[PDB]
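Presented below is the structure to which this report refers.
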Amino acid sequence: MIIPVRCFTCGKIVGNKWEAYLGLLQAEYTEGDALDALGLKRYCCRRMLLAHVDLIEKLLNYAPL
Amino acid sequence: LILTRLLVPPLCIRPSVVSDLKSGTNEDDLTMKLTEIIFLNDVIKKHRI
Amino acid sequence: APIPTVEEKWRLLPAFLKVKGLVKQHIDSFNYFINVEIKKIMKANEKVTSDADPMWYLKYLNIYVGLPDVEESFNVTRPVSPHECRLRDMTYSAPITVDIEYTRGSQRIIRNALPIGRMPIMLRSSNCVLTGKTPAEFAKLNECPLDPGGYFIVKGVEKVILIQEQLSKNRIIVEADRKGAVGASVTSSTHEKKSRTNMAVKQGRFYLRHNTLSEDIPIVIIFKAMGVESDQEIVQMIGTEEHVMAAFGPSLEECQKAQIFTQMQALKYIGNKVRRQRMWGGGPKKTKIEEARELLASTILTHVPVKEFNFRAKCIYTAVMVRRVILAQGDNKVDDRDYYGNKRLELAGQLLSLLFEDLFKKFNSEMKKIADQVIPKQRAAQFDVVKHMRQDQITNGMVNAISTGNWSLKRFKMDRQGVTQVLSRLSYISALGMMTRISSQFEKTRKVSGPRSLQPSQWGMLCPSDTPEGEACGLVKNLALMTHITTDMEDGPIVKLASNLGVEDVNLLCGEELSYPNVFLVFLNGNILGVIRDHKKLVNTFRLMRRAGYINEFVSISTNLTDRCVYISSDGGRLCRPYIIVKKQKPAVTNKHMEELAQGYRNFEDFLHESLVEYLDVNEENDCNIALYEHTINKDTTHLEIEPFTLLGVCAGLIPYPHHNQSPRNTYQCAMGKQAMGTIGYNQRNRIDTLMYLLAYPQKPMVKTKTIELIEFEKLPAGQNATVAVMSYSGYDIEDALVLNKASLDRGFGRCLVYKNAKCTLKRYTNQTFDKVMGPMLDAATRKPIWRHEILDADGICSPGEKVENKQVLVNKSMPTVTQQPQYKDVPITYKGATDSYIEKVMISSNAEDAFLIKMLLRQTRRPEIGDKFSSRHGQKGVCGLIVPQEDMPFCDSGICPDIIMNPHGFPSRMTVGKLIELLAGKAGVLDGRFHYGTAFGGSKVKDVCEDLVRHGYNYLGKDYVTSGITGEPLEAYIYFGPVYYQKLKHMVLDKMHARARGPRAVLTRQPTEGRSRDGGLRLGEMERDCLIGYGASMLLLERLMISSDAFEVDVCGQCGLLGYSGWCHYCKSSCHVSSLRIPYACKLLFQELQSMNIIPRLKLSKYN
Amino acid sequence: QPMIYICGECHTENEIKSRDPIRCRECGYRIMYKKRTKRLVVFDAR
Amino acid sequence: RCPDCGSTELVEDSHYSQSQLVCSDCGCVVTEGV
RNA sequence: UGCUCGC
Ligand SMILES: Nc1nc2c(ncn2[C@@H]2O[C@H](COP(=O)(O)OP(=O)(O)OP(=O)(O)O)[C@@H](O)[C@H]2O)c(=O)[nH]1
Ligand SMILES: Nc1ncnc2c1ncn2[C@@H]1O[C@H](COP(=O)(O)OP(=O)(O)OP(=O)(O)O)C[C@H]1O
Ligand SMILES: [Mg+2]
Ligand SMILES: [Zn+2]
Ligand SMILES: [Zn+2]
Ligand SMILES: [Zn+2]
């Protein structure tokens, strides 16, 4: 649904690096170089950010509003 | 060996459910069979008369 | 010099999915039913009239189904969305109307729009509101754009009509009997009657058996009755082989024993063996020979048509059948029932067509009866059907047949059950796989073990691995990823082309030509089309004409050299698969065609028209040569496989690297993925179902198959990727168990949400009284609502946002007891639950019957604990054995601690190398920021992921140096770390936990109830009693089965041996010999039932000493 | 006592009393949800 | 009324799937089992 | 009663 704040394995703060990651996707950066620039050395945070699906906007499209 | 009287069992063997949600009750098949047997006896008596 | 290979060939698969594929089957079938078939059914019964008062008629002109509407408004329709029908617990149907003309008083009166019924509209159909809509318009209608659709919505529940599988009709089947006799059977089925006639060799001679004959009669007598009287012609028709005559000799001798030599004598003999259908109404007037001739012409072999009492075709058919029986009586070439080339698949369209035909015939019969009863005696006021056309008949019939699922067609004598099933909303994969299910005609009740086998005929058509593990193993199957079901054709141009291609008429030549080695019989849907010579030219010309487009691409042609029969199949329900045509060791599809397809110049229909890709049937592919790959193409190759991974189904497509695992592992993985927990759709929040499981933070898999991209599963994942380390830790993962990390579960890993529905109805009865909800019963002592009515709002309905505890009311419902002042008794909706629940939403709706429907959506947020079942996308189901802290978890040099620790011992016995390959590919992908593919019979190789690992500084085998977290010392062996896509299952320990106190008992037998929802107790079965007997524990068995279950104290009279009451015997009218006795209550019930059966048990009591 | 509800498409606060046909102004939708309660609810971050 | 203390505080409280009408003052189980 | 499941 939404990006988790904490990483499951280590616990590094990753929720604050989601939208900026999307910015790196709006820019010309690929996946690997963007994850490297975000400061994710260990592969657990890379999996957390890469394998995450942004389903919050799809649900808000069905929100009452 | 030839039966002339039928022993209708107690109500413990024939549980009846009072379904107040509708105008009917849940009854076992034995009650309906005994009802049909009584109806047949009455019809036989009516035809004899 | 390797053969060139088209790399983009797989691009043919998505284009095929653009017009056909997974869900388009039922949609197209329902559209064909509601657009073409319904008009044909109406035309077949366009005129209905009564015998009394002639010149009166009711003529149907044209019937329409229209758009779905709701009858809520007073005599006014209104567009309604499927989600609204789900919420209001109503049906999603459209009014079936028709324009008609009739005669009231011999004056023609016409109606242009008169509704007659309501047809439930299949979702995403032609008339459904969901079709032709954008995802934004889907959001406006509160419907998920990724929803497969194709299911009916009746009374708020989603029903799916499974694809029925049955044997093909009008086909000769040579099979052995119980005694080993190799006989034949033919189930001739026309649009009116289905008749299975058999032929046996029980005594060296052939007898024909039918349900309309009292005793089976020799086949030679039937030959003489059907026009051919010379025995030489019969023998020529049977065959000219020496062994054929030697086998048929006894039949000729038995025929010559009797005095049957003419057609009249044979017809009289047959009529003597004919029994009347229980005194058929009407004067017979010597119909014996006439009845025999009518049974021979119409009842026997219905599919074989006689022009005008000319049994030449029927004679040739039965002669070919006798020849097949004679040939099979030698070499045991017995045809098998499990061959899917003789199988037919009925979709929802054909079933709905038959049901609508039956309902329309019943409606017409009812109208004719009403006319006959009303018109001749009522009054000078002319009777009109409009005042008697009941519109609830067809609607109620359709609703009941779709909801209950039992179909009883008396016109066809078909009594089926389990046709419709509740759509499973466990996950998107669950519904997507259930939509493409296929049930068997065997209708499992016994251990057949003959259709349950995996036949080689299921290649490319049905998924081999996807099957429900249990009693339904092998009889419930799934369609492949790339498959199509054919429809019915006109069959006209087929006959024209066959006649123009040199097929000689069977009536022009005798049966002796049937015995020639070079003469091949050509059939058509079970009917003898004729004979031919040099069938290779015929088959090649027919295939070339089909490729050209003058013949429908779904018409199949096959050749059987053993029986020398050319079968031409054009009936619907046959399974076909697209294949690339190969001509002279080179496929017709080139790289340029794939480039044009990618750029949008052409589509799959252009490939079909340009003789590049063609559909092959099972019978047709039986004679064709298919190559799996380009390098496998040899000189004798006719077709090329599009993609091998299309062999697997939808559920099997989720398996990463399935060719590296064992088949039971794949089956268990499919079964568990059908139960995988995850998101359902984009409208899962507004959706209110009786049970829903959602994942807090779902993540798409790192090793995704191309099937996942095709089915858009990555948009709706049902699992999470966790850093799993394969090692043994603390001995809490002995057998299939896994160890979870406490810190991981604390940070949201595996967090799940369970949504339950609580529905209540406030209906108006016959009397002018209604169910009303009272306010919260405030306590006068504290001026606040009581603990039970604490969560209720001012209107007596629980408000969302609060927490509900056990034994608390959600709706303070009170209902009247009359149906003078009304007397209301309270029947509040209490919440039965072990844990607390939170109310998310409360929906209040009003039906046309003024009944208020209130639905509360309770939400529970659950954390993984001991007892929760977890899957690893490879059939490695496991239970959380221990939850260790983060510091107790081992750590690598980088400081990563694993979330899930799984036992390695599960690998050798199961050989799940695919799991290791998936782990390695996922590690490489999360290292280089890529998504590796685990496509079946392909995907990323091990060398590539090894190079990706060695490039990033990690080990090329996944094993990394790990230091033990407990002792702080390094481990002697390296640990296999890597991200694995684990999925949580719906099986929870909280829902499965059960404990039974004394509790309630059943009224009939005073024993604990059955289920957990009924607060039942565990049953000591027969085998448990056997074990307790073997142990010798008499007192424990007595305490369990008598004291703790159904103990009772009865009063038995020692004089007559009967049961008394309150220390008194009514039989003997005394109480001196009455004594108390301990007994199971079931034993007393048995004694009373036996006394009711005149089997009087007389108990002779005695002292215990 | 003013009992308030929310429509399914207009999402406007509508006040209806007991035994009223469930409807909403300026539209015709017949799905009426209940507003969230005003009572304090305590949650645990566990 | 309660058979022991004579009080009229008889409450129907189901204790772990066991319907039971019990006195609320002294806890005397009046009726149990359904 | 039906059916989908859990081993
Ligand atoms: N069609 C249908 N038949 C049912 C249903 N429940 C029970 N039956 C029939 O009733 C028989 C079993 O009865 P039970 O399930 O013991 O009925 P019960 O649960 O004691 O009924 P209650 O006392 O009202 O709870 C079966 O032979 C079924 O044919 C149902 O939900 N649908
Ligand atoms: N119909 C049944 N009757 C009795 N026990 C059953 C039944 N179905 C499942 N079980 C229980 O489940 C166990 C069956 O597991 P088993 O067949 O030994 O492994 P499996 O299911 O083949 O797993 P693999 O496929 O080998 O990984 C044994 C039995 O106690
Ligand atoms: Mg087991
Ligand atoms: Zn991390
Ligand atoms: Zn006595
Ligand atoms: Zn509104």
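Below, chains carry the letters A, B, ... as their sequence lines are ordered, and counting in each starts from 1. Heavy atoms only: backbone and side chains are in, while hydrogens, waters and symmetry mates are out.
Side chains of B:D28 and B:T31: a donor on one and an acceptor on the other come within 3.5 Å. Remark: the C:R118 side chain and the C:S93 side chain contain an N/O donor-acceptor pair separated by less than 3.5 Å. Checked by atom type, the side-chain pair B:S16/B:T25 shows no donor-acceptor distance below 3.5 Å.
Atom CG in B:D28 sits about 16 Å away from atom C1' in F:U1, given to the nearest Å. Rounded to whole Å, atom P of F:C5 lies 17 Å from atom CE of C:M677. Per the geometry, NE2 belonging to C:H987 stands 10 Å off P belonging to F:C5, to the nearest Å. Taking atom CG on C:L985 and atom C1' on F:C7, their separation rounds to 14 Å, with Å as the unit. When rounded to the nearest whole Å, the span between NZ of C:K674 and P of F:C3 equals 19 Å. When the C1' atom of F:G6 is taken as reference, atom CZ of C:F870 falls 17 Å away, rounded to whole Å. C:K992 has its NZ atom 14 Å from the P atom of F:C5, to the nearest Å. Rounding to whole angstrom units, NZ of residue C:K159 and P of F:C3 are separated by 13 Å.
Among the nucleotides F:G6, F:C7, F:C5, the one closest to any side-chain atom of C:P468 is F:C5.
The side chain of C:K877 places an N or O atom within less than 4.0 Å of a non-bridging phosphate oxygen (OP1 or OP2) of F:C7. For F:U4, one of the phosphate oxygens OP1 or OP2 lies less than 4.0 angstrom from a side-chain nitrogen or oxygen of C:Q421.
Shown for residues 422-451 of chain C: residues whose heavy atoms fall under 4.0 angstrom of RNA chain F, namely C:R437. Of the residues in residues 401-419 of chain C, those lying under 4.0 Å from RNA chain F by heavy-atom distance are C:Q417.
Contact check on C:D1046 versus C:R1001 returns no salt bridge, with no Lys/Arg side-chain nitrogen under 4.0 Å from an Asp/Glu carboxylate oxygen. We find that C:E165 and C:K477 are joined by a salt bridge, their nearest charged nitrogen and carboxylate oxygen being less than 4.0 Å apart. The existence of a salt bridge linking C:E158 and C:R86 is confirmed by a sub-4.0 Å separation between a basic side-chain nitrogen and an acidic carboxylate oxygen.
Within 6.0 Å of CZ in C:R411 there are more than 12 heavy atoms belonging to other residues, nucleotides or ligands.
Atoms CD and CG, from C:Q675 and C:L985 in turn, are 6.5 Å apart once rounded to the nearest 0.5 Å.
Relative ring orientation between C:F749 and C:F870 is described as parallel, the plane-to-plane angle staying below 30° on a 0-90° scale split at 30° and 60°.
Residue contacts for C:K869: at a heavy-atom cut-off of 4.0 Å it reaches the sugar-phosphate backbone alone, with no base atom in range.
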